[PDB]
Amino acid sequence: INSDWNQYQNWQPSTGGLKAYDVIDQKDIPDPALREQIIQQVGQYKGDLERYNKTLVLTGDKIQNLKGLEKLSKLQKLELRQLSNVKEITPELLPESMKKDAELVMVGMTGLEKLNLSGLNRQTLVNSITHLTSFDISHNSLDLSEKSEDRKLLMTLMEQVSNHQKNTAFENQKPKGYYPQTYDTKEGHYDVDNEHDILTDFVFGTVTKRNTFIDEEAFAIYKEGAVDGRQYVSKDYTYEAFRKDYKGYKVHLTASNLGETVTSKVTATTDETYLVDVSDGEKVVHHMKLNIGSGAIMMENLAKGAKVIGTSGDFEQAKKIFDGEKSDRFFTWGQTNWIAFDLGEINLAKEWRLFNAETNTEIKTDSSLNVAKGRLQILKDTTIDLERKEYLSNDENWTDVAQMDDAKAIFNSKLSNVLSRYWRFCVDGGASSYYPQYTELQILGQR
Amino acid sequence: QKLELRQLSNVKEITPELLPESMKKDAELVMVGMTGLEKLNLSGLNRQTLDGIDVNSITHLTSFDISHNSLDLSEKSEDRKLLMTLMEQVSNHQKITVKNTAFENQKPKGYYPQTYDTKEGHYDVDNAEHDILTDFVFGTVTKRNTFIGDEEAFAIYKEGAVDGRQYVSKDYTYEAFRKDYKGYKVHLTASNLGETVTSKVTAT
Amino acid sequence: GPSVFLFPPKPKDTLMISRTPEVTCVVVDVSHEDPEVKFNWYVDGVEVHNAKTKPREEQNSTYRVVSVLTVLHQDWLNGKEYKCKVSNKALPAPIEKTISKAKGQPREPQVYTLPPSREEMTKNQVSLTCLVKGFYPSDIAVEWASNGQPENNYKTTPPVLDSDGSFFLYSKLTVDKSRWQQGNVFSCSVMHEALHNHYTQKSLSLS
Amino acid sequence: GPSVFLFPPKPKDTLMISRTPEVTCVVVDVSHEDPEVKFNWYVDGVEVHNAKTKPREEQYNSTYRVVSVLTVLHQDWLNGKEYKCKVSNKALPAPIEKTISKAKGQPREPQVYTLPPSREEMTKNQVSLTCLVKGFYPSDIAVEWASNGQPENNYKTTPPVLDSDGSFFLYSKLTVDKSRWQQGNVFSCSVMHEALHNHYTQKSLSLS
Ligand SMILES: [Ca+2]
């Protein structure tokens, strides 16, 4: 029921109203005009009041008092529109939901003389309230700093009060903290100074609901803030409470060799450039570049989308080494295999990278299925016009340019500035009797 | 809350489906004199230690699986030395394979170090901000008090292995292991005996 | 109470590098009252933790629970035992079901394609036949093709034990007579562990 | 406690005048202690007393099996009459009742085609004569081989297979020495099914 009614609301029901029972009387809502409107909007039964959890729009000059409105404990939004004869709003009149961020709109409240919203954790907030004599917006979660809209609304509330008399409580605010929506640094830089922390340096700080940016020292200055020499922040409100903890924030670093790591630390030993993707845990909140020293030029995977021209195994399967993914593997019924491929043009190859069997992102693959030993190769005849299987199969036409001797999950090594169109990667042996697999092969350099 | 297996000489198998659910939430497990036990499977019970398990009495062992636990099998850990006995017991009867000596995929839990070293810190008058927590009061330990200072030390810890077999779980992030130092406050009494609460000090 | 069925991998999946074979374990007639179903998987009596349990499926007031263990081609083809163990509150003792590949000297299939009978040629659709005989074990897969494209209007018999201890079957592709008479080539693909690369093809065209 | 199994007649026996079809009723796991097993047979709910009960057969220590065999009339079976077997015993709470009848549905006549060996098989000492039977319903069928009026007995037939049109098909594979094929002997594939005239056709197969 309760789970169905939760979806269906778009046992008696937890939320909304009673199940399709005494009628709403003056003992609930005294004012006949208010009683009428609430009945039309929430229901005609006593048990509807506690359950109704949507919007209530109160209108007209007929409403004199708002008694009974507190019974709408779950109300998600209250709009007070042109209520010209309403003279008092106290927190005991508003519903409990106001303390948990229910929305509160009021326009044209020309008769209101007392506006008490104290102790409702209001996170945000006046030109129509021209008959104001007292107000209390203390013990809320407001940001009344210099450059805040809420301060400007407070200033109007005070000007309204000042028109009738010298009743203006706005102290003891505990404004809530949020993560900043964007960070400024799009290009960070460090010297080659031989540890820096990317989170503390570039992705840091807390904001209010009005986007006022705050360290501990800045929070201290914020607490000292005041309107008419009256400190508005609650004294007993710790920085530890306000600040965001940046918990489970990860920093994804892609180097010039396109190698990936997850760390906020970088020890600036050598010249380098990283792409930085910072993650809260579910999404990336910031991207930027980070040059260490003079920097380094971003390499490209030259092997990406390379044409297979021969292989000791399945031709169609060999094509999966040069897609973008590690969601499928190449192997053969044996411990040895080779794939020859064509980058289409001659380019400068500076390093290479093999993603081994266990890098598979589709089936949890044990490292015993990894390639233990292999060789990357280039064709000898630099400019031969291929018009083939017997040729590519024959080891004499190939010069090694790299060796693999470790069953690493990912294997990267450097190449002697290799210029070659045609390549071959041979698997020489596996990490066990199980036939070795691998998922992706990169040839890394400048185009 | 606690299971003691004492001189159960005719018990030949312990599987995780035989033990109670509570074993996955740190119920105590003692076993002494298990002379007939040939298969010891404690896999997937988040065991944080091999305390209780009298490894010297398990003389009929042929297979064991203590994988997918929360053990610290680093070099200078007691749990590694207990594992070494479990393997020696197996090796007495049959060739040591991976199929009969599983100890991989450990996700050891992190704890706060009991003591920090620095008893007297020093900064120059560099007009820079320094952080007392980052500089002096930092790091995480295992249940066997193996100190990991930072991300880089955790990396070295993950690369650790027994007989060239990496025991830590590959999918186990530093973010999970490390302690967050949440709600840690730094109380500073100056020479003027003035007190502040902050981890920051600008060395003016 | 709950029953258990343990199905082997599709023979093509064990034999083809492009494919990933799976042993599947199904628990039927699970009660609403005691719904927790624990699976344990064993390979030659050695527990494996890489299985993947799919959530319950109302098949009233009775659920079905499937668990799928990926297998290594070599493990299956070397005839290793896959044990599935099921636990439940409405079971007195756990249920244990085991499957392996049939042990025995493998024997290479002989593939013969047979054209339609003269008598069938009077009809608008004719039967292209593929005989596969003398193979062991009975795990096999048969497909049809023509001009590189898959032909899909066919049915294959289950393997049948022959008098010599080996197996045989027939696959029967049905085509419009027009396509047969126009002289198109059809292929019968057979996949079996005793073939080179677990694969051969026999052709069949008008004669 | 005792179980009951009720088996239908062999399809050839229902279709062929030379044969007498039988419904068979088996009671398994009968105790030594209470051994008397009474059978009652019904044909469309009408009791028949012509059944023939064979004596008990010890399967394992102190556990017996009891079979009762009722002869059926070809017409009754083919007209889809229900055969009920009722078993009584002391170790039963109530008697057990099992019923079988013929598979219902619009009959479809089998098409029989004989196929000669493949050229490729002719390299072997024995070759495969094939008989295709397709488009038949229901799946009850019988296939035999013959040559020169004598039965050929070295053959295997596939179970019926459901085709894409809702009918069934199968293959029978007679194996003969190549010598006999090449010498030009005629082989016959006999098919027996309720939708054939006289429940019978024969197709021949010899070297061209
Ligand atoms: Ca790939």
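Protein chains in written order, with the deposited numbering: chain E, 264 to 273, 325 to 334, 390 to 494, 499 to 539, 544 to 571, 573 to 592, 594 to 766, 773 to 832; chain F, 445 to 648; chain B, 237 to 295, 297 to 444; chain A, 237 to 444.
Each residue gets a CB set at the ideal place from its N, CA and C atoms; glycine is no exception.
Along the chain, where does the beta strand (DSSP E) containing residue i start, and where does it finish?
i       : result
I407(E) : Looking at the DSSP string, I407(E) is not in any beta strand (DSSP E); the run it does join, the alpha helix (DSSP H), is 401-411.
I264(E) : It is not in any beta strand (DSSP E) - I264(E) carries neither H nor E in the DSSP assignment.
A787(E) : 783-789
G416(E) : That residue, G416(E), is in no beta strand (DSSP E); its alpha helix (DSSP H) goes 415-418.
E283(B) : 282-284
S324(B) : 319-324
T256(B) : No beta strand (DSSP E) holds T256(B); DSSP gives it neither H nor E.
Please report the residue range of the alpha helix (DSSP H) in which residue i lies.
i       : result
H310(A) : 310-314
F423(A) : Segment 423-428 is the beta strand (DSSP E) holding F423(A); no alpha helix (DSSP H) there.
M475(F) : Per DSSP, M475(F) belongs to no alpha helix (DSSP H); it is in the beta strand (DSSP E), 472-476.
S415(B) : 414-418
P247(A) : 247-251
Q533(F) : 522-535
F598(E) : 595-602
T578(E) : 576-579
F621(E) : 618-621
Buried or exposed: residue i, going by 16 or more other Cβ atoms within 10 Å of its Cβ?
i       : result
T761(E) : exposed
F405(B) : buried
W381(A) : buried
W325(E) : exposed
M358(B) : exposed
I592(F) : buried
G420(A) : exposed
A546(F) : buried
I510(F) : buried
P395(A) : exposed
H631(F) : exposed
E661(E) : exposed
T824(E) : buried
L242(A) : buried
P271(B) : exposed
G689(E) : buried
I540(F) : exposed
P329(A) : exposed
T493(F) : buried
Using C-beta distances below 7 Å, list every residue in its chain close to residue i, excluding the 5 sequence neighbours before and after it, in chain order.
i       : result
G496(F) : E472, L473, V474, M475
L758(E) : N782, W783, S805, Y807
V392(E) : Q413, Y414
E522(E) : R588
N500(F) : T529
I600(E) : none
Assuming residue i and residue j are in contact, meaning their beta carbons sit under 8 Å apart, how far apart are those beta carbons, in whole angstroms?
i       : j       : result
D570(E) : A647(E) : 5 Å
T578(F) : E595(E) : Actually they are not in contact, since the Cβ atoms of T578(F) and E595(E) sit about 13 Å apart, beyond 8 Å.
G814(E) : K743(E) : With 8 Å as the limit, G814(E) and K743(E) do not qualify as a contact, their Cβ atoms being about 23 Å apart.
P552(F) : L515(F) : 6 Å
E388(A) : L314(A) : Rounded, the Cβ-Cβ distance is 28 Å, inconsistent with contact.
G604(E) : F580(E) : That belief does not hold up - the Cβ atoms of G604(E) and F580(E) are roughly 27 Å apart, past 8 Å.
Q827(E) : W731(E) : 6 Å
Skipping 5 residues on each side, what residues in its chain have a beta carbon closer than 8 Å to that of residue i?
i       : result
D650(E) : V569, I671, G672, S673, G674, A675
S442(A) : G420, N421, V422, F423
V397(A) : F404, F405, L406
Under 6 Å Cβ to Cβ from residue i, same chain only, skipping five residues before and after it: list those, please.
i       : result
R301(A) : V264, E293, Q295
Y390(E) : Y414
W268(E) : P327
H512(E) : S487, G488, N549
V427(B) : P346, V348, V369, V379, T437
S324(B) : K274, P331
**Continuous beta strand (DSSP E) assignments of at least 3 residues falling wholly in the stretch 692-742 of chain E** = 716-721, 727-735
> Considering only residues of the stretch 433-459 of chain E, which uninterrupted beta strand (DSSP E) runs meet the minimum length of 3 residues and lie entirely inside it, listed in chain order?
Replying inline: As summarised for the stretch 433-459 of chain E, the continuous beta strand (DSSP E) elements at least 3 residues long and confined to that stretch are 446-450, given in chain order.
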